[PDB]
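Counting along the sequence shown from 1, when you hit position 17 you're at 17 in the authors' numbering, and nothing is skipped either side.
In this text, a Cβ means the ideal position worked out from N, Cα and C, and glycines have one as well.
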Amino acid sequence: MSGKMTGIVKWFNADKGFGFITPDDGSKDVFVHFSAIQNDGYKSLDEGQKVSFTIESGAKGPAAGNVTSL
């Protein structure tokens, strides 16, 4: 089961729809794909922006889900 957490968008390459978010807890970077973006408009993230999402630690590491602006 994933847990809820906020963080700041570290880098998001719209060209691939892939990016990483740095949790406010200072934990390891969480992988976020455009598919996780529940925000209106084009699915993407703006570096420096605070966001909120759930974190599920898989074999490939922590993955973000249900991502929306904080």
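Judged by DSSP in its simplified three-state form, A63 adopts strand.
Counting every other CB atom within 10 Å of its CB across the protein chains shown gives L70 a total below 16, marking it as exposed. Cβ neighbours of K43 within its own chain (closer than 6 Å, five residues either side excluded): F34, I37. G61 counts as exposed, since fewer than 16 other beta carbons sit within 10 angstroms of its beta carbon. When C-alpha distances from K50 are compared across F20, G58, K16, the shortest belongs to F20.
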